[PDB]
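Chemist:
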Amino acid sequence: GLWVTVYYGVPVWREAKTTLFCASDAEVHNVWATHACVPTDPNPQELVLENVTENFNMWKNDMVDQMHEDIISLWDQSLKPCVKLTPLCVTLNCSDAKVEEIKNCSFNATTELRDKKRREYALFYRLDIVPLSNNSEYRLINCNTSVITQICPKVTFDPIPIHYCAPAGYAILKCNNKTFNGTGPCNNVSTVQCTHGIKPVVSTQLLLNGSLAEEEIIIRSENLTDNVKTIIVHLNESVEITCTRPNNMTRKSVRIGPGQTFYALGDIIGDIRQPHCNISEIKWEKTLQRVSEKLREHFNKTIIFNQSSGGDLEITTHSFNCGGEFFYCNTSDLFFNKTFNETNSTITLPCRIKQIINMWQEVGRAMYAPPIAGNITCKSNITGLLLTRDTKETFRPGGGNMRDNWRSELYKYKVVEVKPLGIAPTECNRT
Amino acid sequence: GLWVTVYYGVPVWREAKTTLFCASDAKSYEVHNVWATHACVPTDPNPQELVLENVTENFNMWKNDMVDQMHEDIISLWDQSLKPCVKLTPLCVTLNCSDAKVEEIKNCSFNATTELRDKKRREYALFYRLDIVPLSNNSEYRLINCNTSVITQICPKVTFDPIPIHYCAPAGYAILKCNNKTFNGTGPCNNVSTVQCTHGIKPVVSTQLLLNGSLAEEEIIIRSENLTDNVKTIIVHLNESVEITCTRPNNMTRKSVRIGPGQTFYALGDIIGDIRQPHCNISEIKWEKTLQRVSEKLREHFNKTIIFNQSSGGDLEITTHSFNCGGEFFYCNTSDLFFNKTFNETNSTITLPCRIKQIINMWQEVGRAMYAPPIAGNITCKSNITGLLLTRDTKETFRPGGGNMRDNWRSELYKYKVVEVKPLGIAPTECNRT
Amino acid sequence: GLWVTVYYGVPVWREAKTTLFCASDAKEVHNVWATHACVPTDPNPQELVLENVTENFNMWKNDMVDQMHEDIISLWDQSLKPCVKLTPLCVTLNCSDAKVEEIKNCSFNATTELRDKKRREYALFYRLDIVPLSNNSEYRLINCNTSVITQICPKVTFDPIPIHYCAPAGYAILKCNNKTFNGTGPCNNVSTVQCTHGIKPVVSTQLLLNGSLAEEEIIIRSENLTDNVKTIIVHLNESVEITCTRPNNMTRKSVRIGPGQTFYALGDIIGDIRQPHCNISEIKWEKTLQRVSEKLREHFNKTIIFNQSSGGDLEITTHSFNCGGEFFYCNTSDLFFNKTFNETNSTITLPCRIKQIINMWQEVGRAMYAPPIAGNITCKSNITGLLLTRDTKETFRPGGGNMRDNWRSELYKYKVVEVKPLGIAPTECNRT
Amino acid sequence: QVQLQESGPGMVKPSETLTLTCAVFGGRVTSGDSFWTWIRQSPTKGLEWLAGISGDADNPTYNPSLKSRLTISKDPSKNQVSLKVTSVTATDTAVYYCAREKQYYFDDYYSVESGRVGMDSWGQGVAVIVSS
Amino acid sequence: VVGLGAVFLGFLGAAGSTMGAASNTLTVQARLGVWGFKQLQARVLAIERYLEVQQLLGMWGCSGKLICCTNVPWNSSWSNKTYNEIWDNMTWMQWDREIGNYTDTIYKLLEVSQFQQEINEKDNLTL
Amino acid sequence: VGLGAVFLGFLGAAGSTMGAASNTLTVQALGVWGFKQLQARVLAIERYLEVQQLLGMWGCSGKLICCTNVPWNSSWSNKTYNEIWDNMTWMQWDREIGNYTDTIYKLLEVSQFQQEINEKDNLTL
Amino acid sequence: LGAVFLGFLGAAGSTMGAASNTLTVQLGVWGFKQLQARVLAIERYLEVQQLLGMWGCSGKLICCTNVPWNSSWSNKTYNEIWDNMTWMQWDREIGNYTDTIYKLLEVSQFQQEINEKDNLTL
Amino acid sequence: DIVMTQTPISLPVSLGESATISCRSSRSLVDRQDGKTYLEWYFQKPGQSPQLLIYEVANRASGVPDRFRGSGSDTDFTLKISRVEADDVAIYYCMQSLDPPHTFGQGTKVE
Ligand SMILES: *[C@@H]1O[C@H](CO)[C@@H](O[C@@H]2O[C@H](CO)[C@@H](O[C@@H]3O[C@H](CO[C@H]4O[C@H](CO)[C@@H](O)[C@H](O)[C@@H]4O)[C@@H](O)[C@H](O[C@H]4O[C@H](CO)[C@@H](O)[C@H](O)[C@@H]4O)[C@@H]3O)[C@H](O)[C@H]2NC(C)=O)[C@H](O)[C@H]1NC(C)=O
Ligand SMILES: *[C@@H]1O[C@H](CO)[C@@H](O)[C@H](O)[C@H]1NC(C)=O
Ligand SMILES: *[C@@H]1O[C@H](CO)[C@@H](O)[C@H](O)[C@H]1NC(C)=O
Ligand SMILES: *[C@@H]1O[C@H](CO)[C@@H](O)[C@H](O)[C@H]1NC(C)=O
Ligand SMILES: *[C@@H]1O[C@H](CO)[C@@H](O)[C@H](O)[C@H]1NC(C)=O
Ligand SMILES: *[C@@H]1O[C@H](CO)[C@@H](O)[C@H](O)[C@H]1NC(C)=O
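Residue numbers (my numbering), protein chains in the order written: chain X, 14 to 444; chain W, 906 to 1339; chain S, 5 to 436; chain U, 201 to 332; chain V, 3 to 129; chain F, 70 to 194; chain L, 13 to 134; chain A, 316 to 426.
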């Protein structure tokens, strides 16, 4: 020894919270940016990082917090150029759609000039108009809370996969222990420049379109012994779900105020047919059977599932998005409501459409989604449950927030900084 | 020997799209001027041309990304200026209106909210016919664009002097200026030269005749994507350009009228003197001689009789010689003695009868429109006609009609190309490190 | 003879202009100034001596203070835009009086949750905010006809957290330590630091508050002492304490203005209303003006006199400062200066009155509504500098002519310099 | 529009106090846009205005000629407005109406117009006779 | 995006090997808008990482080449273990954890050592 | 001079022949525009760090010219030294070897790495 | 980066010879305003690190060159100019000749490279 | 309190003719008040309740035809029927609605 020596290029890493940026590949606009971003960043650039240990946890993570403060900004940044739909907020007089969940309202509205106004009629769903107190006079649900902003008619807001990639000079240590629950030494670690890709689909009780589990049902939680922390289950053999709005609906361009219009529902063609979502009960029943055994060994006692009702219809119902239209299903009509001791058919769910929403669990930002003309048949995979730990243990579907959805996908990543400077003694001295 | 070696200096380049940034000649610095405002990178000792001898190089103008960035700017730069200003939304009310003569310069009146949101107070404001529209015929007029767009008004603070603007590339890139004095729009440039920043282009938004443009060097130039195509646009340059001037003898002064609390907008107060229609004068001999010279140049790429037939019509944005002057735009017929006859093979001047327009729809984007406040005092200007937006339509008929206004910017960034320098040359040699 | 050598790390510098950035101790919650943005830490014992190098700088043509006003003015713009605008409240507003002279139990019509039904409402306003439309029954908010007016969200608060400016890595900030500094010219004791250790963004227009007391000696500053338009700045040693208080127990009430938009107003007076007090230790104040006057005599060789403010509007004539979530405007002349001297336990009081609507930066098209803070609020603070305008004898009137001059009382001693450590010199060596 | 109906006894004894009621169909009694009022069609004098109240909760105002003997109020619980006539005289025999004087208030941000359309909708009218 | 990050990934490779294997093992590699502004911060920050690690070498006279021999005594109080027992028994992550305490002192010591070396060399040029 | 003195001056030699290019030395004798300019300065820096990074990690750091220790490969071209070093513009020369520019760098990286470890393996031994 | 320059600023008031001893003894407004400052720090360092690279003696704390000391710049020899002047005074003496010095040095570096190349090309 | 005079008290007419009715104010009417001329007209067939005809002097009620039109000065007010027909037989009332209590006139019986 007797002399230090600088060794450039040394492998040394430490945790670091730092920004992440674009990724896309393969038109007008999309809500998830993606109209101009870095391309492709192919996948096979990993280094298997042989047999070096690394211990980490998914709960004190940076990517989820780094992300939830970005998506909430992406949508907010998209709706600025488009109409604030406040002028529609006037006294509605509503009759029934003579073709109980749908009502056919009438209101005065400002036409292309100030003083000349006309009577106009538009269709609404009873879920988001409240009587002003039979009364038979209504108003939009979100008027005493905050402004409501129309989703721009031209943009689209269906999910597109986005890869997170760390800036040059850092790395992302992807964990490869397939049986990993998100806390402990990942004995098979790997590093990747740009993540594999994650889908921005919002949900509240089912993880749709998500990455499938591998050779296991994995249950993840910061505390399984807590009655308010969320439980996330990651599913073997993802089941398939279909959702539809079979009404052949058409949209009408009602003009309110000056400038721009807002699109509204016209005539309900044919007859009302309530939306429904289909599941194969044998698939679901024995899918529930698998998880029934996994969590049992973590509590050593029998279990039950329940309704999870008793809320503001945002978290209690199976709220999700598809095909440019929103859905809110009971999802416990008979779906869970069962306990486990140990035919080609299907089970169906009654569901409700809502025209205006308040997403990201916040207030001050509600939005209107114009109807999608024609029928839609949303189909998606299911990979996880946002179960809640409520003699025997009681379970109930439903998360505590919406970051839990993202926390299910980014658990196998942790941003890390690389420090290529390391001093070590060596025998030599400068010549 | 025969070992590889590296050189950290070598002339090499590739065609690469890249962001550009502004430079200006520092013509004064009041920081409300739309284009500069707080202004961009300050000036330079501009002469920087480089010999770049006998480098064979070719490029095509119609695909260059530099012009596109100059439509990413402007339209985005105008938005950066119009956003703080007032909205004319509360003014879209039924207009009682009549005439003012002792020409279509009308006198309108309306309801208007005073300093309080409750009380109303009748106010009278004049309007040119190109703003009002019939309700379906007398009386009860309405503002044209209020049925599709949120009308806003340019604040009087800002001005529209088409100040020169110089485009520089980030250090590590360069601009390959082309000097061949008959560069025919696309093809080899046998006398290329480099320069760190471009010429001082003027943001003049012409639509049928390119004003204040740079003069071509000692020869008439004609550019087009495809001269044999029947529909695609064509751009013509000139040498010894011709004069054009316009004036409005009406000595107007602006009145300010209330629209709700806080917000105010400015309109015409009264016609001092008498209404004399706007005029533009052009030397008749210069135009005839000038177009005659271009006639030969246009003939030698089709070899047949060429006929000038005036614009197509249907509106006033497309079929008229629109241009900005002082802040009160013009839209002008450009056809009386300006076209409608051709050549076989007095010291007076031509006249253009034409008018004013307050609410201008620009960039052909639905939903946005701007209102230009009236400019007090009689207004006059002079400019050089330095390009024609002729469009082709046995014979051949040429219709003066401008496509998208990007044609104007391609009319002066024709002699520029963006290159990325990568000085990391590799070569063999005799040596090896010892 | 001899050859060129380039020495790296040469200490040469030159004057420059730079876009400085912010730093602070850390504090959470929507503080307006520091926000959740400014860089933390920087505990700075790095006051380098910079032994006896001559340098000169003047706070007047210094281009750091104007950079402080190029922002802060922009900082509030970032916080006004999201919040609720208050234009619809501009309606015919009918007032009689309030009792359970300066407060109105005033009523107006405002629209309820939907834009089809009016709703009668009552809301208090201090007399300054309203103006009689006319012997008088109708009123309106003062700044309605000149400017649109917005409302500060109660979520944010103006409590001034100190902010440290930092030279970008590569520059340096100099500092003069001659405590008897002229205010302009060479300084015999200089030092350098990456970031200054303290400034407070508190706004004041007649008297400084919470400011750094002078370094053991009274100081006088001006562009030109012998002039009648340039603002004189006095920087006190042995500061004098001040305390202003609102003894009422006002209760906040939320009222609605159309859909979504809403604001907070003063509901009812609770308890016996008293005029907002402002107490100053008169026993200290008497000889305090005596000492600064003696310094003034040191430059003008004759007696001096003090008058009231220049009167006129309520922006140049009045001590104006934040007690936090509330704006004060005090006469501060009637019972407070009035006079001079020749060559008892009590504390002097001031008449003062509150104003919800303000005209900060005194520029057209800008205004804001200050949401009242419920209950009593008190804020003891230190006066450290008077702002004096010059009107046989010498006359002065307190009240600066522009609020930008306030910053000179704390950022005088800094100048940004671009350290450019490339230098050339000869040598005996040549490349061999 | 508002369908409306008067109800109450039609035979009344002299000098006694009479209470008359009118039930609202298709609306709220207390909503501010309305101004309920009652009118009587006498044979000699003709039509005459008695009282009206709405909007500001307790806001009654009576004709000075009959200011002494009137009372009127309403309750959303049953959605009706009732009028009390104290010390009826034989001359008061006439048909009494309940009418909804319509107001309105539209706030389109920039301008807040406001007014009334008079007495839009009237009830069938209830006949009361003072006899014994 | 790639240029300043390609080498960093290679450095992270083979971290699980001890230093002795790591030396020759390294040759085995071959033998506006929200999402625009966010991308700007990433590109700027990436430079600040490369510029730091390279700028330190200039202060230490270790410019350019990967490894550099130096002139400064080994303050053997840092560790009983020397080259002959730390070099084939430990990995870099373990080395950093027990040595990170002293690191800042060595940089200052290495700073002055580099300074005096070049100026004592100037004392040889000025002899 | 920001960096234009070098990255624009290297076009001063221009398409002159390699023989000329090897010795041509005497020839020297807030808002929207702010964001556009900021993106220019940051991008300009990156274009300079890129070349210095590769020129830096090859062991050719700083030195304007430097030789290497990896032999030529005839597959790149057959025409030899005195034929290519004269009577050909460099930009033309870049055309034929751009088919290997994406791989020739790796030979420099590996060769440099071997060279520097060879120094330590002899000095430290 | 950058912050180390304060160490060089030390010993500003000192003799040029004595300076060797001191080194021996040794989104949102706040967001964007910092980014504008952060990028500036890099630029004025790369515009420094590039000059040394263009001058060939990259990185080293001191440089010995080949160009001579023209007497027109300053005819005070070694014994005087290093005696009691800080570089502030020396900057004033050399201020007018700064740019020509830079380009004169640059070509002197470029011409020695080809001289170094002569042994590799002869 | 304020009293409205009326002329004619009665007017017989056949189909197709035009008729004019007038009533006059006493206490000024349209006394500024930041308002307008609050004058109204009502008509009533035998047996049925009164219903609205005109408000604000010259504005027709909901969906009623152009068979009639109203006009008036500051204090003088008039009503005209453009073309009478069979169903127009009724008693027409002049009603002011400026200040309370509202006061009708004693009918206008047209046949
Ligand atoms: C600069 O000048 C300004 C005025 O221009 C002064 O600002 C106020 O100073 C006071 C006193 O220092 C600050 O503290 C306030 O104290 C009140 C009661 O005291 C409690 O809190 C203090 C501080 O924690 C404790 O020392 C004490 O023991 C008590 O526990 C309260 O009225 C205030 O609470 C406010 O903040 C909380 C949190 O946001 C809110 O929930 C409350 O509703 C309320 O708004 C406060 O704690 C105070 O911060 C300053 N602002 C106000 C509005 O009073 C400065 O003192 C003066 N000096 C300096 C150095 O800045
Ligand atoms: C997660 O796995 C760890 C080991 O990595 C184990 O100790 C722990 O109990 C598991 N936690 C849960 C909640 O399953
Ligand atoms: C006065 O306001 C304060 C605000 O904190 C409150 O605590 C106190 O109870 C109030 N006093 C009365 C009498 O309402
Ligand atoms: C040497 O080993 C002893 C005994 O384990 C320990 O206490 C001491 O700290 C070590 N010294 C060094 C310099 O590492
Ligand atoms: C030379 O290049 C060829 C491809 O053209 C490649 O296969 C071969 O391995 C290379 N030889 C050497 C010695 O690098
Ligand atoms: C020395 O400087 C003079 C100008 O003072 C200049 O003309 C001359 O060429 C220079 N000599 C040398 C040898 O550089």
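Where is the CB? At the ideal position from N, CA and C, for every residue including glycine.
By DSSP, does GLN184(F) sit in helix, in strand, or in coil?
Modeler: helix
Chemist: Counting only Cβ-Cβ distances shorter than 9 Å, please list the residues of the region 114 to 139 of chain X near chain U, keeping chain order.
Modeler: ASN121, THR123, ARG127, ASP128, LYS130
Chemist: Determine the DSSP secondary structure at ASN91(L), reduced to helix, strand or coil.
Modeler: The three-state secondary structure of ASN91(L), taken from DSSP, is helix.
Chemist: Is it buried or exposed for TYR151(X), if we count other Cβ within 10 angstroms and need 16 for buried?
Modeler: buried
Chemist: Nearest-angstrom Cα distance between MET92(V) and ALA23(V)?
Modeler: Going from the Cα of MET92(V) to the Cα of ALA23(V) covers about 11 Å.
Chemist: Would the region 299 to 315 of chain S and the region 380 to 387 of chain S be scored as touching if the rule is three or more Cβ pairs under 8 Å?
Modeler: Fewer than three beta-carbon pairs drawn from the region 299 to 315 of chain S and the region 380 to 387 of chain S are found closer than 8 Å, and the two stretches are therefore not classed as touching.
Chemist: Taking the runs of the beta strand (DSSP E) that are 3 residues or longer, which of them lie wholly in the region 105 to 168 of chain X?
Modeler: Listed in chain order, the complete beta strand (DSSP E) runs (minimum 3 residues) inside the region 105 to 168 of chain X are 105 to 109, 115 to 123, 130 to 138, 142 to 144, 150 to 153, 161 to 163.
Chemist: If we define contact as Cβ-Cβ less than 8 Å, is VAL51(L) a contact residue for chain V?
Modeler: yes
Chemist: Please confirm whether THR133(L) has its beta-carbon closer than 8 Å to some beta-carbon of chain W.
Modeler: yes
Chemist: Let me check one thing: in DSSP terms, what residues is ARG27(X) bridge-paired to?
Modeler: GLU430(X)
Chemist: Could you give the residue range of the beta strand (DSSP E) that holds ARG1311(W)?
Modeler: Taken as a continuous stretch (DSSP letters only), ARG1311(W) belongs to no beta strand (DSSP E), being part of the alpha helix (DSSP H) at 1311 to 1315.
Chemist: In chain order, what residues of the same chain have a beta carbon less than 8 Å from the beta carbon of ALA921(W), not counting five sequence neighbours either side?
Modeler: So the list reads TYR1078, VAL1323, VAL1324, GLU1325, once near-sequence residues are dropped.
Chemist: Three or more C-beta pairs under 8 Å: does that hold for the region 278 to 288 of chain S against the region 348 to 355 of chain S?
Modeler: Counting Cβ pairs under 8 Å, three or more are found: they touch.
Chemist: Where does the unbroken alpha helix (DSSP H) through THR1195(W) begin, and where does it stop?
Modeler: 1189 to 1204
Chemist: Among residues of its own chain, excluding the 5 on either side of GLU347(S), which ones have a beta-carbon nearer than 7 Å to its beta-carbon?
Modeler: none
Chemist: Using 8 Å as the Cβ pair cut-off and three pairs as the minimum, do the region 297 to 308 of chain U and the region 224 to 242 of chain U touch?
Modeler: yes
Chemist: For a contact defined as C-beta to C-beta under 8 Å, what are the partners of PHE39(V) on chain L?
Modeler: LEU39
Chemist: Confirm, please, whether the CB-CB distance from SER19(V) to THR27(V) is below 8 Å.
Modeler: Contact: yes.
Chemist: Is it the case that the region 65 to 83 of chain V contacts the region 115 to 134 of chain F, given that we only count it when at least three CB pairs across the two stretches are under 8 Å?
Modeler: yes
Chemist: Do you know offhand how far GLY102(V)'s Cα is from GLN57(V)'s?
Modeler: 20 Å
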